[PDB]
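Only one chain is included here, represented as structure tokens and corresponding to the form deposited without coproporphyrinogen III (CP3).
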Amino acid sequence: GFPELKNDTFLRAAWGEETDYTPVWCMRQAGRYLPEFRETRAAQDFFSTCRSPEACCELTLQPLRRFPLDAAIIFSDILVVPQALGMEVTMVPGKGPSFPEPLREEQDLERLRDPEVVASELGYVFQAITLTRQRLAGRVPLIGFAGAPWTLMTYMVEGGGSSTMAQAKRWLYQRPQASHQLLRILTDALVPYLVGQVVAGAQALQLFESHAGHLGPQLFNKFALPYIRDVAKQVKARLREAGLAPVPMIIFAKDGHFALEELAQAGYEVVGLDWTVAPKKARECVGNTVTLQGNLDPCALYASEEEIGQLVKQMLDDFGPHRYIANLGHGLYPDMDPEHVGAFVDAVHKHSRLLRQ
């Protein structure tokens, strides 16, 4: 029902196939570093923007008009899921996300919706995905996404960002049964949501475990890993059963150096890396089956266009040509210069071709 994909380099790399160059995209490529993003966002409030399919489609396309990126990622936010579960959220400009009434005791779980109804609440995201897939007209693949269960749990309990996740970790140690209950509710909401994203037109999916780094290995293996595994297994299952093709799935565990070995066995085609893990060491950890994605320090884009090209050259030398999709090690920051993002994109394309012939 959709236009035929023209440039599929990103998908071929994700599945582990040889490609003629290394495909590249950037986390937060639709973001505040773009003046045009600020302009179209100035029209609605944040979660209102997320609910207008035309606005989401527009913000998704904007970076592709500037740069020859090898994938688009739908504009949305990981917090749409806990919102759909019945939590009230804000993105008051300059402050970041906030739940003024976070989950703090086991009894608070009673306020959440049955996770089986969440996908219906997120119909607007599916509308945006279908629209954007049609408007892209096959230029590049479209990535859908969501937050991983533990990371969503941290926002719901902490009520926003935290440097320690002390309240969410206190749940894991003091309320392990209620923690597993919440993580299961999240898993059960995420599966039908991700499946719906693919039904609507997503050609790949990325799960953001942005708060992995706070756990360390014992708690990660108990509370984050099982659910990351269950998401991949159940999404693939549901898609096959609906007669659709599974899409490549990416797991990005920020600050998750300690989990890479387990992550490479978790049922994802691609493991995304932050900038703190040396590419050669990541390759040793994950082995030679999975694709790696990343991992340039996003702050490297503050350097000159010349310096960016040399950092990219180095990065590409370390990863080598096979089983690799270039990206930053985290999302672009709001004060970054679009021309330097352009420099990063062009450097990956130029140097990866030089590396092959």
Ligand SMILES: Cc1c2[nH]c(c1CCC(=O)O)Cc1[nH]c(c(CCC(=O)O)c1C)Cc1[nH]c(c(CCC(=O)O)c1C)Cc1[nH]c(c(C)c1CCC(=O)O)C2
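All residue numbers are counted from 1 along the displayed sequence.
Unshown form deposited with coproporphyrinogen III (CP3) bound; subsequent notes refer to it.
The stretch that touches coproporphyrinogen III (CP3) in the entry with it bound, counting heavy atoms within 4.5 Å, is 76-84, out of 225-233, 76-84, 191-199, 128-136. Only one of 155, 171, 268, 150 comes within 4.5 Å of coproporphyrinogen III (CP3) in the entry with it bound through a heavy atom, and that residue is 155. When coproporphyrinogen III (CP3) is considered in the entry with it bound, only one residue from 322, 313, 66, 32 comes within 4.5 Å through any heavy atom, namely 32. Among heavy atoms of residue 51, none comes within 4.5 Å of coproporphyrinogen III (CP3) in the entry with it bound. In the entry with it bound, at least one heavy atom of residue 46 sits within 4.5 Å of a heavy atom of coproporphyrinogen III (CP3).
The closest non-hydrogen atom of residue 213 lies beyond 4.5 Å of coproporphyrinogen III (CP3) in the entry with it bound.
Contact between residue 91 and coproporphyrinogen III (CP3) in the entry with it bound is found at the 4.5 Å heavy atom cutoff. Within 4.5 angstroms of coproporphyrinogen III (CP3) in the entry with it bound, the stretch 312-337 places a non-hydrogen atom from 330 alone.
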